[PDB]
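Counting with our numbering, you get residues 173 to 431 for the letters of the sequence shown. Just so it is clear, CB atoms sit at the ideal spot from N, CA and C, and this is done for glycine as well.
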Amino acid sequence: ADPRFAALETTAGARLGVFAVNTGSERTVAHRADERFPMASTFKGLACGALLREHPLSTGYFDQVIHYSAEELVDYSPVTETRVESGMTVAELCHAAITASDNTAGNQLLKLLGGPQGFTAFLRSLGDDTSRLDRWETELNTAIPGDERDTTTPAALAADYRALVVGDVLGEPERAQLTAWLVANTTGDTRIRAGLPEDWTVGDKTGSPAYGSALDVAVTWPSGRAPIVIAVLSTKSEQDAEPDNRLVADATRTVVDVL
């Protein structure tokens, strides 16, 4: 393994999990890639993918309006709080869940999927027998060390995003829309995006649960080359620790250098 990852995590006082795959050559880079970390808001992109697979755009399903109540609003609901009166279409909830990380939007997608259990069943349907979602927003962010609830691994998370964005799990309109939402993410500018060459196209989904956790998963296209899928998950030993965005960016640049 490349010694940069051990130095990165030791200096940052964090446990660092990395998995990246060049989908053209199949070369990989892995550090703690099979260890569990919180999945947290990285579930939101997968939940959109699950709904897109269960209800293709051509059915009209994404045009229906969900009339969620004000009582269902949880902490950090930047879009959904502004639309309680009118409701939001499923497509708008997906946009909010991915690009703004809206927590009520995430719960609304979970409801349509049959809750955390139905979402986890979708992960199994991708061949992911490791990741699991157990709770709703915002309890799923507790990130207690050792607790397997609401966890993934760098390798499993990368595989799932690869299958939905690069691979052929979804139909073509659904794959394109999921890709567009990830590329339009607004929450990731200091994480994986900050470690990549400026010219690469990037779509990503972040999360920042407790225990100083900084998570990001991305698909990136170097100019005219096959995409690279990158998962970088980090967490710390103290509940109230500070997430380290620059750790995610630095691990990403290390991946670029190795691949």
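**Message:** So, with DSSP's three-state summary, where would you put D235?
**Reply:** Here residue 235 refers to the residue found at position 63 of the sequence shown. In the structure shown, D235 sits in a helix (DSSP, three-state: H, G or I).
**Request:** Can you grab the Cα-Cα spacing for the pair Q411 / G232, in whole Å?
**Result:** Looking up residue 411 in the sequence shown gives position 239. Looking up residue 232 in the sequence shown gives position 60. Roughly 43 angstroms between the two C-alpha positions.
**Prompt:** Got a sec? Which residues, its chain only, sit under 6 angstroms from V193 by beta carbon, not counting five neighbours each side?
**Reply:** Here residue 193 refers to the residue found at position 21 of the sequence shown. Correct list, in chain order: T200, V401.
**beta strand (DSSP E) segment containing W393, residue limits** = For the purposes of this step, residue 393 is taken as the residue at position 221 of the sequence shown. 386–393 is the extent of the beta strand (DSSP E) around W393.
**Request:** Run through the region 285–350 for me and flag every whole alpha helix (DSSP H) of 4 or more residues, listed as ranges in chain order.
**Result:** For the region 285–350, whole alpha helix (DSSP H) runs of length 4 or above, ordered along the chain, are 287–297, 326–333.
**Request:** Could you tell me the distance, in whole angstroms, from the CA atom of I316 to the CA atom of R296?
**Result:** Within the sequence shown, the letter at position 144 stands for residue 316. Within the sequence shown, the letter at position 124 stands for residue 296. Just so you know, the alpha carbons of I316 and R296 end up roughly 24 angstroms apart.
**Message:** Measuring straight from C-alpha to C-alpha, what distance separates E344 and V355?
**Reply:** What you label residue 344 is simply residue 172 of the sequence shown in a count that begins at 1. What you label residue 355 is simply residue 183 of the sequence shown in a count that begins at 1. For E344 and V355, the distance between alpha carbons rounds to 16 angstroms.
**Prompt:** How about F291 and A219: do their beta carbons lie closer than 8 angstroms?
**Reply:** The residue given as residue 291 occupies position 119 in the sequence shown. The residue given as residue 219 occupies position 47 in the sequence shown. Their beta carbons are under 8 angstroms apart, which means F291 touches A219 by this criterion.
**Prompt:** Counting pairs of beta carbons, one from the region 305–313 and one from the region 368–376, are three or more of them closer than 8 angstroms?
**Reply:** No, the region 305–313 does not touch the region 368–376.
**Prompt:** Under 8 angstroms, do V338 and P399 count as touching if we go by C-beta distance?
**Reply:** On the sequence shown, residue 338 is found 166 positions in, with the first residue counted as 1. On the sequence shown, residue 399 is found 227 positions in, with the first residue counted as 1. Going by C-beta atoms, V338 is nearer than 8 angstroms to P399.
**Asked** Three-state secondary structure (DSSP) at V420?
**Response** The residue given as residue 420 occupies position 248 in the sequence shown. Three-state result, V420: helix.
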